[PDB]
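Undergrad: Using only what follows, build the 3D model:
(2 chains, ligands or ions: 4)
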Number of protein chains: 2
Amino acid sequence: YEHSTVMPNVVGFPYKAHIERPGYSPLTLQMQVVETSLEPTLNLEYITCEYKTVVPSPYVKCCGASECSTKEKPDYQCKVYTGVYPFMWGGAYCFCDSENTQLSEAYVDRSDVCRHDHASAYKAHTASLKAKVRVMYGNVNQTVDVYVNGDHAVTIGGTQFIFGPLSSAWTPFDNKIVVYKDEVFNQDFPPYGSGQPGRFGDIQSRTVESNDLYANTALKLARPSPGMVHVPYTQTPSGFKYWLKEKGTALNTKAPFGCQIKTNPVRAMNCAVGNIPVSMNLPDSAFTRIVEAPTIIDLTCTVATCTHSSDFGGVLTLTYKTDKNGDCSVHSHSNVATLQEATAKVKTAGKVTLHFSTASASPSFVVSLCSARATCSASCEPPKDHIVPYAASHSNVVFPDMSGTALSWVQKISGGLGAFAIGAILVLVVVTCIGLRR
Amino acid sequence: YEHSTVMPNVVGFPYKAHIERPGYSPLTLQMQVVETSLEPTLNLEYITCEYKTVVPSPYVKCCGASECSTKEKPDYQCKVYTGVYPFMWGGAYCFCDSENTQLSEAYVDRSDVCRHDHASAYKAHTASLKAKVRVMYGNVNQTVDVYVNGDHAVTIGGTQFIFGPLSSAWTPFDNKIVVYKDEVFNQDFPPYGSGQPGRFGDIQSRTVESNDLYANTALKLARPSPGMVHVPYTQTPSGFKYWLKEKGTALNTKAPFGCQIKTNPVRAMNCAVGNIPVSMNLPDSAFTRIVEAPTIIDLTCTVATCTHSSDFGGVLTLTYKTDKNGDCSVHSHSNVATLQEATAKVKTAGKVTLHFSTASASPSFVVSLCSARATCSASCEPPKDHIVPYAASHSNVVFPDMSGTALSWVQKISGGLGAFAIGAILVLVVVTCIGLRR
Ligand SMILES: *[C@@H]1O[C@H](CO)[C@@H](O[C@@H]2O[C@H](CO)[C@@H](O[C@@H]3O[C@H](CO)[C@@H](O)[C@H](O)[C@@H]3O)[C@H](O)[C@H]2NC(C)=O)[C@H](O)[C@H]1NC(C)=O
Ligand SMILES: *[C@@H]1O[C@H](CO)[C@@H](O[C@@H]2O[C@H](CO)[C@@H](O[C@@H]3O[C@H](CO)[C@@H](O)[C@H](O)[C@@H]3O)[C@H](O)[C@H]2NC(C)=O)[C@H](O)[C@H]1NC(C)=O
Ligand SMILES: *[C@@H]1O[C@H](CO)[C@@H](O[C@@H]2O[C@H](CO)[C@@H](O[C@@H]3O[C@H](CO)[C@@H](O)[C@H](O)[C@@H]3O)[C@H](O)[C@H]2NC(C)=O)[C@H](O)[C@H]1NC(C)=O
Ligand SMILES: *[C@@H]1O[C@H](CO)[C@@H](O[C@@H]2O[C@H](CO)[C@@H](O[C@@H]3O[C@H](CO)[C@@H](O)[C@H](O)[C@@H]3O)[C@H](O)[C@H]2NC(C)=O)[C@H](O)[C@H]1NC(C)=O
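TA: Residues are numbered from 1 along each chain as shown, chains lettered A, B, ... in the order given. Ligands and ions are numbered 1, 2, ... in the order given. The relevant structure is shown in the block below.
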């Protein structure tokens, strides 16, 4: 028996579906979303880590000269000075007083611990939703892992379940992403090969193990002081170490809809948005023939107490007359009130109790026990607690019924005004007819 | 010196850009797309391969009964038969005449070579382009590998190049893709866990190493014949073997725009569509001071022969008076004609020759030698060869100049008719003015 439904994408909300086969007693399912996971698709752009400047020892040439040699090193620098007269602890070598040269050399390189501490720059698009649902009906429990898209069928006790694509297409990750350890940032990073010194991305590597490196950190050599051997240099500080202390905010403490961001793999979890269509296919063994089900007649519904609070703040009583004692399925056909239980024990005593949760001043809904029906109306008083540590258990519907107190007053006033207008129109029509018949 | 341009995405087309700095002599670059690659993004769905049926030896219970036991195996079928009386070569065992029992057991499993011969079912989206552009100018000649999007800057001899995103967003891969060896198929495969027996996807595995397996081949057991031990069964043949014989076509021999499809990784190469914006940043050492370059005056452009064919079938001549000899940078400012060379040696003899390729009956373009200018117009005759094995070297513009023979005839006829109409209008105006003056 094929069936379909639409259920909210809220974690912990006890959705109940009612299936009415005409040759069998009604059946009630319960589906709950234990966990979700919004998995995006990532493409690595480059990898940034702190750099490490390498300064080889100077080559002081005594009584001669040396020439600069170019090399293919990241941000390589080389210069030759003239007129150096160095000194050491024992004395001063380079016997020639003035005709000596010193060759300074330096270049940048990736750090030693870059494999353990680096920031990745990604591109995020086309998120894929994956969920873990709990399905319980009849006497079968289970929890399953289902991809939320129209092409994954999972069977739970002979029933084939297909969870349709999510209603919305909203993702909390922008096009460009920077990932560091366990934090995700919505950042716009410079393109590869065009990084600026002192800021994020001064040195960039295509991959952790990639040999190629692009470095732009304004390394500049200076002339050594007289009578010294030190190879002076200057360089703008690391851009990664600066970005560490001035990155600002995150996405963990910034994401909308109250969903946590994690890493490895990057994903946003338990993130309440949209609706999830569901398609089923049940075998004949799930239902019970109508002859076995108890026969219920003369169903009347009364409400003892009501309080439109987050938890189940209502009590329901049903009176009936039965021939045998068995099991019925209880369902509410409107989303203004949600029943706590899905089955009840019908007995010859003719009285059962139910719990429901509502969020309107005056609810009106029809409840069914096995095959019977009954219309319930009640007056609910507001609660007293200001704040509670648990989520809402109702569908958040506030508009009262047309038979409520406020709507009754509105109806009475509008009826009086309409009666006055009708009398006015009748008098005017009578006068016009009398005038025209003259 | 920042510059920007737009160059076609055609392999082998010799695009030349003209950079005219106000303080320096003009420059002509040459860019060429040697190779192109279009890489989609794939998400593996499952793996399919030929199955193998495992039939354990029957358990014949002499003088007794046996009971079937359920197991968690892919497509497990077990049945118990009564009244069997097996036989062997020497004699029949199970002494009891009819109180025997045989237990038939069978189940299906992944084949032995499924790790070597299998087809992957992907989902392809958000293709990314990548090219290999050869850039040559002055004394620079190099080939670079570039990502064709606004986020990769590559330095060629001191100049920064940023190749913008492709103009169009056309990709030849549908949403769903099936890959086999070196062939890509545009196919719609059944969802995981809902495969049908006999067709593609009868057995599905989430990954080649994944332990779980979904199998649905309609394996059914039958009662053994009297006096034999054989465990009969019937099964729908493999779906992979049907698919290999009824897959139909491919994408290698079906893709538009004449672009080859290759596998490992999945990619479409040399696929001519759209335009590639190019951004540049040149240093001041590439140009030459206008004082050093020769001065050109009294430039006349005369066309010797023209034939609007695919190759460079036009010969051009330039006459000039120059003070000193050096190098110039020729260029054509209209895409009607495409020159072959981007540099000519000027001499005191005042005569240089150039080749161009055009595809219109009567072209009209303005050519510039260093800083001079000249307008060229010529009459071209069609070529006789019907088919040639090389691509067109022109921009394929056919509309002739307003000075061409056909448009000259049109202009003359329209002018005659307009003169007639103007004369008639004047006659009518004079007549009506005289009439109104009375
Ligand atoms: C031992 O110490 C003496 C100290 O003078 C060194 O003699 C010096 O040798 C250099 C290299 O041959 C000379 O430089 C040359 O200078 C001329 C100009 O006169 C120039 O044309 C050459 O190209 C070269 O640069 C230097 O003049 C000379 N000293 C003097 C005072 O003339 C000698 O090289 C040392 N030997 C060793 C093994 O250390
Ligand atoms: C379907 O399976 C789930 C999970 O096994 C069942 O939920 C489990 O319900 C039992 C009680 O019926 C829970 O045990 C008790 O939980 C309370 C929670 O405060 C704890 O204080 C007690 O010490 C005791 O452990 C159990 O925790 C709970 N499991 C989970 C994961 O929530 C569910 O009841 C099953 N369906 C049916 C119809 O039984
Ligand atoms: C040697 O051969 C004799 C053949 O007579 C075997 O005796 C057979 O033993 C089995 C033991 O299970 C008897 O089966 C039983 O049959 C009764 C009545 O049908 C049934 O109610 C029980 O549930 C059980 O199935 C079988 O009747 C009996 N054959 C007879 C009495 O003719 C003996 O087991 C053999 N010894 C071996 C194989 O070691
Ligand atoms: C700019 O540099 C490229 C390479 O960096 C030059 O490409 C060269 O192109 C010519 C022909 O287009 C190649 O010569 C060919 O060699 C093969 C070898 O079998 C021969 O069969 C052909 O008939 C032809 O002679 C040459 O190898 C190639 N240079 C390479 C690959 O290094 C290009 O010519 C340069 N630009 C200019 C204006 O010279």
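
Undergrad: CA only for contacts and neighbour counts going forward, please
TA: Noted.

Undergrad: roughly how far apart are the residue nearest the centre of chain A and residue A:146?
TA: Centroid-nearest residue in chain A: residue A:271, 2.8 Å away (criterion: Cα atoms, centre = their mean). Per Cα to Cα, to the nearest Å, residue A:271 is found 16 Å from residue A:146.

Undergrad: same question, residue A:132
TA: Counting by Cα to Cα - residue A:132 and residue A:146 are separated by 6 Å.

Undergrad: ditto for residue A:198
TA: For residue A:198, the distance to residue A:146 - Cα to Cα - is 47 Å.

Undergrad: do residue A:197 as well
TA: The gap separating residue A:197 from residue A:146 is 47 Å, by Cα to Cα.

Undergrad: now residue A:268
TA: Here residue A:268 is placed at a distance of 16 Å from residue A:146 (Cα to Cα).

Undergrad: Between those two, which has more neighbouring residues?
TA: Counted by other Cα atoms under 10 Å in any protein chain shown, residue A:268 and residue A:146 do not tie: residue A:268 has more neighbours, with 25 against 18.

Undergrad: Can you tell me the SS state at that one?
TA: Following DSSP: H, G, I helix; E, B strand; the rest coil, the label given to residue A:268 is strand.

Undergrad: Contacts only, for it.
TA: Residue A:268 is in contact with A:37, A:38, A:39, A:172, A:259, A:260, A:261, A:262, counting by Cα atoms under 8 Å, 6 or more residues apart in numbering or on different chains.

Undergrad: rerun that using 6 Å as the cut-off
TA: Contacts for residue A:268 (Cα atoms under 6 Å, 6 or more residues apart in numbering or on different chains) come out as A:37, A:38, A:260, A:261.

Undergrad: Take the residues you listed and keep only those in helices.
TA: Members of the contacts of residue A:268 lying in helices (criterion: DSSP state H): none.

Undergrad: can you redo those residues as a markdown table with neighbour count and distance to chain B?
TA: Listed next are the contacts of residue A:268 as a markdown table, based on neighbours: other Cα atoms under 10 Å in any protein chain shown; distance: Cα to the nearest Cα, whole Å:
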| residue | neighbour count | distance to chain B |
| --- | --- | --- |
| A:37 | 23 | 16 |
| A:38 | 20 | 15 |
| A:260 | 17 | 24 |
| A:261 | 24 | 22 |
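
Undergrad: right, and out of those, which lies closest to residue B:187?
TA: The closest of those to residue B:187 turns out to be residue A:38 (Cα to Cα; 26.8 Å).

Undergrad: so that closest one touches residue A:267, yeah?
TA: Yes: if you go by Cα atoms under 6 Å, residue A:38 and residue A:267 touch, sitting 5.3 Å apart.

Undergrad: For the stretch 101-250 of chain A, just list every one of the strands.
TA: For the stretch 101-250 of chain A, strands defined by DSSP state E, counting those that start in this stretch occupy the ranges A:101-110, A:119-137, A:143-147, A:153-156, A:159-163, A:176-180, A:183-186, A:203-204, A:214-215, A:220-221, A:233-234.

Undergrad: ditto for the stretch 251-400 of chain A
TA: A:260-262, A:267-269, A:275-281, A:296-306, A:314-322, A:326-332, A:337-339, A:343-346, A:351-358, A:364-369, A:374-377.

Undergrad: Out of those strands, which is closest to residue A:17?
TA: Of all these, strand A:326-332 sits nearest to residue A:17, with 8.3 Å by Cα to Cα.

Undergrad: now that closest one and strand A:296-306, what's the angle there?
TA: Interaxial angle of strand A:326-332 relative to strand A:296-306 (axes from the mean of the first three to the mean of the last three Cα atoms, to 10 degrees): 50 degrees.

Undergrad: Where does chain A get nearest to ligand 1, which residue?
TA: Ligand 1 sits closest to residue A:63 of chain A, with a gap of 5.1 Å, by Cα to the nearest ligand atom.

Undergrad: What is the distance between stretch A:373-383 and the centre of its chain?
TA: The chain centroid and the centroid of stretch A:373-383 are separated by 35 Å under Cα atoms, centre = their mean, to the nearest Å.

Undergrad: With stretch A:179-197 instead?
TA: A distance of 23 Å separates the centroid of the chain from that of stretch A:179-197, by Cα atoms, centre = their mean.

Undergrad: That one: which residues count as buried?
TA: Buried residues in stretch A:179-197, defined by neighbour count with 16 or more other Cα atoms under 10 Å in any protein chain shown: A:179, A:183-187, A:189-197.

Undergrad: can you confirm residue A:34 is in a strand?
TA: Yes: under three-state DSSP, residue A:34 sits within a strand.

Undergrad: Quick check: beta-bridge partners of the closest residue to residue A:119 other than its chain neighbours?
TA: Of all residues not flanking residue A:119 in the chain, residue A:180 sits nearest, at 4.9 Å (Cα to Cα, 6 or more residues apart in numbering or on different chains). Beta-bridge pairing of residue A:180 under DSSP bridges involves residue A:183.

Undergrad: how near is residue A:180 to residue A:110?
TA: Distance, residue A:180 to residue A:110, using Cα to Cα: 18 Å.

Undergrad: With distance to residue B:314 added, can I get the contacts of residue A:268 in TSV?
TA: Formatted as TSV, the contacts of residue A:268 follow (distance: Cα to Cα, whole Å):
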residue	distance to residue B:314
A:37	65
A:38	62
A:260	68
A:261	65
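
Undergrad: Those residues of the stretch 151-300 of chain A touching chain B, which are they?
TA: A:151, A:152, A:153, A:191, A:192, A:193 (Cα under 6 Å from any Cα of the partner chain).

Undergrad: ok, of those, which one's closest to residue A:372?
TA: Nearest to residue A:372 among these, with distances taken as Cα to Cα, is residue A:153, at 34.3 Å.

Undergrad: what sits against that closest one?
TA: The contact partners of residue A:153, taken as Cα under 6 Å, 6+ apart, are A:161, A:162, B:193.
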